[PDB]
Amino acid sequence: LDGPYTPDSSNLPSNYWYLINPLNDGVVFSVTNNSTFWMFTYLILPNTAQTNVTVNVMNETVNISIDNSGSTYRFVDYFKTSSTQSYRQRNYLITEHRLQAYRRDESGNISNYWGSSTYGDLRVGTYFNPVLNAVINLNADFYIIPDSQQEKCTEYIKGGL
């Protein structure tokens, strides 16, 4: 819709969907308030055997295991809620397209798509962990779709550009 825009980090406005279309796998999204929420999304390519990988995200070194082995992409969310904690895997998106999208509401809650494009179980999920006014890192090219057109965003997630 509006875009494409190059990767960027900033205090993104609320009530917009940022539809990311990543050139690269790995970390494509991240945000933290450095207090009670750290979140990133890792893009796993198709046919990825089980691998332990080390990434640098928001000034921390992180070790995670990734597995796909499917024909489809997997966008996997990770989060932790205290500094000394390790990140744990949470929800994920299985999809034949290089698309995931993020929205922050007026309370600071991050939403993104969970489930799949393939299986008929696509959901708008929310992590009820406010990070209002935190910088959001979009490590991907992206489009911007207003909340009023949320239905259109879902169509791209499910169907591709």
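For every residue, the number given is its place in the sequence shown, counted from 1.
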- Query: Is the mean CA B factor in the deposited entry higher across 50-58 or across 90-98?
  - Reply: 50-58
- Query: Which has higher Cα B-factors on average according to the PDB entry: 40-48 or 61-69?
  - Reply: 61-69
- Note on the structure: Binned into thirds over the chain's modelled residues, the C-alpha B-factor of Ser148 lands in the highest
- Compare the C-alpha B factor of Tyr16 with those of the other modelled residues in its chain, then answer lowest, middle or highest third. highest
- Message: Could you place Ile157 in the lowest, middle or highest third of its chain by Cα temperature factor, using the values in the record?
- Response: lowest
- Message: Which third, lowest, middle or highest, does the C-alpha temperature factor of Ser10 belong to within its own chain?
- Response: highest
